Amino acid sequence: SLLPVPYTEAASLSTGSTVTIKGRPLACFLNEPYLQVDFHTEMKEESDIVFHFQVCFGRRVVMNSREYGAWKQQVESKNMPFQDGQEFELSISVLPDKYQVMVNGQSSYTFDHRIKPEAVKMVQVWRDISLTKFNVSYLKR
């Protein structure tokens, strides 16, 4: 749709920041489209990932970090609030201890900080979605 995918935006995060994403899967859930959101430490796509969030729509979600080039301990969830064929609204809030992921207004996943969120310099949203909205909030000190 409107925004380019893969979508990359320079970003800074700290406690109180919110990343808001509105989009739609490009395929029915039977075909297992993916969504991935990565919070990177540099603008380069091969840079480390403080927070990796990968949805296989209809199946599972995996979360991880990639540190000095290596994936660390995977967290896997079978929670699946996303609805087949529907637009979704994803909110990722930076809390003192964790990221909190809201899906269509419902708390759905959390991930404890492994690296300070201040290390983030870039957010990438990619895989099998169209994107109509992306925002990072910058209202807090």
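One rule holds for the numbers: they count along the sequence shown, beginning at 1.
Annotation for 46-54 versus 85-93: the higher mean temperature factor (C-alpha) is found in 85-93. The residue among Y34, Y99, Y68, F39 whose C-alpha atom has the highest B-factor in the PDB entry is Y68.
Ranking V103, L26, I115, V61 by Cα temperature factor from the entry places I115 first. Ranked by Cα temperature factor within the chain, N79 sits in the middle third according to the deposited record. Among the modelled residues of its chain, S107 has a C-alpha B-factor that falls in the lowest third according to the deposited record. Among the modelled residues of its chain, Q124 has a C-alpha B-factor that falls in the lowest third, as given in the PDB entry.
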